[PDB]
Every structure is written in C-alpha cells, then in structure tokens.
Amino acid sequence: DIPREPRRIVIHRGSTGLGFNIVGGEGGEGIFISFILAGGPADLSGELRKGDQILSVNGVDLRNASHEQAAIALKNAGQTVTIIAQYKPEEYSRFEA
C-alpha cells in the first residue's frame with residue numbers, strides 16, 4: 001500500500017506526541033522514522049512506517065536539517081501536523097543497521 005513517491009499524511013498530536021521517533025540528520029542521512037509507538041497517532045494513521053524519510057513538516061523542509069532542527073520543527077508543528085514522507089527502507093537500513 002505504501003508508494004515509492006512522497007506522500008502526505010495528517011496526524012493529530014496527543015498525550016504521547018505524534019507517536020514516532022526520529023534518527024538521522026547527519027552526514028548523508030536525512031530525517032528517518034526509527035520507531036512508531038503502538039496506539040499513537042502515527043500508528044493509527046496506518047500511513048507512516050519505520051524507514052520513512054520525513055521531507056517536510058507542514059511547510060518546514062527537513063531534507064537538509066540536523067536532528068535537533070527536525071525535533072524542534074516537529075515539537076512546534078502544532079496539534080494538526082501534515083507530514084510529507086517518502087519510504088526508503090533500504091537506505092534506512094544502510095545508515096541504521
């Protein structure tokens with residue numbers, strides 16, 4: 001169900017944040033989802049995966065952003081957050097395995 005090209009995914013922040021954690025933002029590695037919280041917003045969308053690269057959070061481009069810049073952008077993105085994600089599990093595994 002997950003396409004190759006970037007996709008838009010809307011999620012609502014809750015008491016466990018957006019329901020995922022991130023790695024990367026250094027060297028050749030962009031911002032990747034490393035963990036999806038069971039029952040959290042990202043999981044309930046059914047539309048975000050470990051190994052997704054986050055390209056944008058709302059309008060904030062994360063393609064050339066450090067980890068802390070990405071974490072701040074995600075923290076400050078509000079209650080309703082539109083993530084542009086692109087699924088890159090092989091690249092994720094190269095950097096993280």
# chains A, B, ... in the order shown; residues from 1 in each chain; ligands from 1
>>> residues_around(residues="range 19-29 of chain A", least_positions_apart="5", cutoff="10 Å", atoms="only C-alpha atoms", output="ChimeraX atom specification")
/A:11-14,34-44,48-54,62-71,91-92,94-96
>>> write_last_selection(atoms="C-alpha atoms", output="PDB file, in the first residue's frame")
ATOM      1  CA  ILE A  11      -1.819  13.317  12.170  1.00  0.00           C
ATOM      2  CA  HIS A  12      -3.042  14.810  15.404  1.00  0.00           C
ATOM      3  CA  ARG A  13      -0.763  15.287  18.378  1.00  0.00           C
ATOM      4  CA  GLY A  14      -1.808  13.651  21.598  1.00  0.00           C
ATOM      5  CA  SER A  34      13.024   4.830  13.566  1.00  0.00           C
ATOM      6  CA  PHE A  35      10.107   3.900  15.837  1.00  0.00           C
ATOM      7  CA  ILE A  36       6.312   4.043  15.694  1.00  0.00           C
ATOM      8  CA  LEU A  37       4.502   3.970  19.022  1.00  0.00           C
ATOM      9  CA  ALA A  38       1.808   1.310  19.284  1.00  0.00           C
ATOM     10  CA  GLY A  39      -1.533   3.086  19.535  1.00  0.00           C
ATOM     11  CA  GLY A  40      -0.124   6.535  18.887  1.00  0.00           C
ATOM     12  CA  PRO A  41      -1.260   8.925  16.180  1.00  0.00           C
ATOM     13  CA  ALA A  42       1.247   7.793  13.550  1.00  0.00           C
ATOM     14  CA  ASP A  43       0.300   4.156  14.069  1.00  0.00           C
ATOM     15  CA  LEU A  44      -3.435   4.890  13.826  1.00  0.00           C
ATOM     16  CA  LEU A  48       3.673   6.074   8.375  1.00  0.00           C
ATOM     17  CA  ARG A  49       6.421   3.486   8.698  1.00  0.00           C
ATOM     18  CA  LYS A  50       9.820   2.857  10.187  1.00  0.00           C
ATOM     19  CA  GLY A  51      12.153   3.733   7.334  1.00  0.00           C
ATOM     20  CA  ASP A  52      10.128   6.690   6.083  1.00  0.00           C
ATOM     21  CA  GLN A  53      12.208   9.782   5.422  1.00  0.00           C
ATOM     22  CA  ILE A  54      10.432  12.930   6.560  1.00  0.00           C
ATOM     23  CA  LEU A  62      13.670  18.762   6.605  1.00  0.00           C
ATOM     24  CA  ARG A  63      15.709  17.420   3.676  1.00  0.00           C
ATOM     25  CA  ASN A  64      18.825  19.345   4.809  1.00  0.00           C
ATOM     26  CA  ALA A  65      18.217  19.687   8.540  1.00  0.00           C
ATOM     27  CA  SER A  66      20.027  18.445  11.613  1.00  0.00           C
ATOM     28  CA  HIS A  67      18.319  16.103  14.053  1.00  0.00           C
ATOM     29  CA  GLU A  68      17.725  18.879  16.572  1.00  0.00           C
ATOM     30  CA  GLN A  69      16.313  21.165  13.867  1.00  0.00           C
ATOM     31  CA  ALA A  70      13.887  18.374  12.920  1.00  0.00           C
ATOM     32  CA  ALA A  71      12.914  17.653  16.519  1.00  0.00           C
ATOM     33  CA  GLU A  91      18.600   3.481   2.718  1.00  0.00           C
ATOM     34  CA  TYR A  92      17.334   3.498   6.297  1.00  0.00           C
ATOM     35  CA  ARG A  94      22.206   1.123   5.409  1.00  0.00           C
ATOM     36  CA  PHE A  95      22.523   4.028   7.844  1.00  0.00           C
ATOM     37  CA  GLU A  96      20.906   2.429  10.896  1.00  0.00           C
TER      38      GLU A  96
END
>>> select_by_dssp(residues="range 18-71 of chain A", states="helix (DSSP H, G or I)", output="PyMOL selection string")
chain A and resi 41-45+67-71
>>> write_last_selection(atoms="C-alpha atoms", output="PDB file, in the first residue's frame")
ATOM      1  CA  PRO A  41      -1.260   8.925  16.180  1.00  0.00           C
ATOM      2  CA  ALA A  42       1.247   7.793  13.550  1.00  0.00           C
ATOM      3  CA  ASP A  43       0.300   4.156  14.069  1.00  0.00           C
ATOM      4  CA  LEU A  44      -3.435   4.890  13.826  1.00  0.00           C
ATOM      5  CA  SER A  45      -2.972   6.711  10.514  1.00  0.00           C
ATOM      6  CA  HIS A  67      18.319  16.103  14.053  1.00  0.00           C
ATOM      7  CA  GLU A  68      17.725  18.879  16.572  1.00  0.00           C
ATOM      8  CA  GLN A  69      16.313  21.165  13.867  1.00  0.00           C
ATOM      9  CA  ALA A  70      13.887  18.374  12.920  1.00  0.00           C
ATOM     10  CA  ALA A  71      12.914  17.653  16.519  1.00  0.00           C
TER      11      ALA A  71
END
>>> closest_residue(among="A:9, A:18, A:97, A:73", to="residue 85 in chain A", atoms="only C-alpha atoms")
A:9
>>> atom_distance(atom1="CA of residue 5 in chain A", atom2="CA of residue 87 in chain A")
7.5 Å
>>> atom_distance(atom1="CA of residue 16 in chain A", atom2="CA of residue 75 in chain A")
11.8 Å
>>> select_by_dssp(residues="chain A", states="strand (DSSP E)", output="NGL selection string")
:A and (7-12 or 20-26 or 29-36 or 52-57 or 60-61 or 80-87)
>>> write_last_selection(atoms="C-alpha atoms", output="PDB file, in the first residue's frame")
ATOM      1  CA  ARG A   7       3.039  11.027   0.295  1.00  0.00           C
ATOM      2  CA  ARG A   8       1.067  13.357   2.544  1.00  0.00           C
ATOM      3  CA  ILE A   9      -0.077  12.169   5.969  1.00  0.00           C
ATOM      4  CA  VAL A  10      -2.080  14.198   8.503  1.00  0.00           C
ATOM      5  CA  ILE A  11      -1.819  13.317  12.170  1.00  0.00           C
ATOM      6  CA  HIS A  12      -3.042  14.810  15.404  1.00  0.00           C
ATOM      7  CA  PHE A  20       7.056   8.266  16.446  1.00  0.00           C
ATOM      8  CA  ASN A  21      10.742   8.945  16.997  1.00  0.00           C
ATOM      9  CA  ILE A  22      13.420  10.025  14.557  1.00  0.00           C
ATOM     10  CA  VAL A  23      17.058   9.416  13.687  1.00  0.00           C
ATOM     11  CA  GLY A  24      19.460  10.914  11.178  1.00  0.00           C
ATOM     12  CA  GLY A  25      20.029  14.471  10.047  1.00  0.00           C
ATOM     13  CA  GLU A  26      23.777  13.987   9.761  1.00  0.00           C
ATOM     14  CA  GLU A  29      21.351  10.647   6.237  1.00  0.00           C
ATOM     15  CA  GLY A  30      18.164  12.688   6.244  1.00  0.00           C
ATOM     16  CA  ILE A  31      15.482  12.505   8.933  1.00  0.00           C
ATOM     17  CA  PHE A  32      14.069   8.994   9.299  1.00  0.00           C
ATOM     18  CA  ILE A  33      11.341   7.458  11.403  1.00  0.00           C
ATOM     19  CA  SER A  34      13.024   4.830  13.566  1.00  0.00           C
ATOM     20  CA  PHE A  35      10.107   3.900  15.837  1.00  0.00           C
ATOM     21  CA  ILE A  36       6.312   4.043  15.694  1.00  0.00           C
ATOM     22  CA  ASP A  52      10.128   6.690   6.083  1.00  0.00           C
ATOM     23  CA  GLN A  53      12.208   9.782   5.422  1.00  0.00           C
ATOM     24  CA  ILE A  54      10.432  12.930   6.560  1.00  0.00           C
ATOM     25  CA  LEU A  55      10.819  15.519   3.795  1.00  0.00           C
ATOM     26  CA  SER A  56       8.634  18.267   5.272  1.00  0.00           C
ATOM     27  CA  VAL A  57       6.580  19.022   8.408  1.00  0.00           C
ATOM     28  CA  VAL A  60       9.275  23.237   7.092  1.00  0.00           C
ATOM     29  CA  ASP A  61      11.727  21.454   4.766  1.00  0.00           C
ATOM     30  CA  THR A  80      -2.600  19.013  13.481  1.00  0.00           C
ATOM     31  CA  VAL A  81       0.536  18.091  11.546  1.00  0.00           C
ATOM     32  CA  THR A  82       0.966  17.358   7.848  1.00  0.00           C
ATOM     33  CA  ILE A  83       3.997  15.166   7.169  1.00  0.00           C
ATOM     34  CA  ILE A  84       5.432  14.632   3.703  1.00  0.00           C
ATOM     35  CA  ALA A  85       7.145  11.234   3.889  1.00  0.00           C
ATOM     36  CA  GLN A  86       8.990   9.055   1.392  1.00  0.00           C
ATOM     37  CA  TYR A  87       9.521   5.373   2.136  1.00  0.00           C
TER      38      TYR A  87
END
>>> atom_distance(atom1="CA of residue 15 in chain A", atom2="CA of residue 76 in chain A")
14.8 Å
>>> closest_residue(among="A:17, A:6, A:46, A:58", to="residue 77 in chain A", atoms="only C-alpha atoms")
A:58
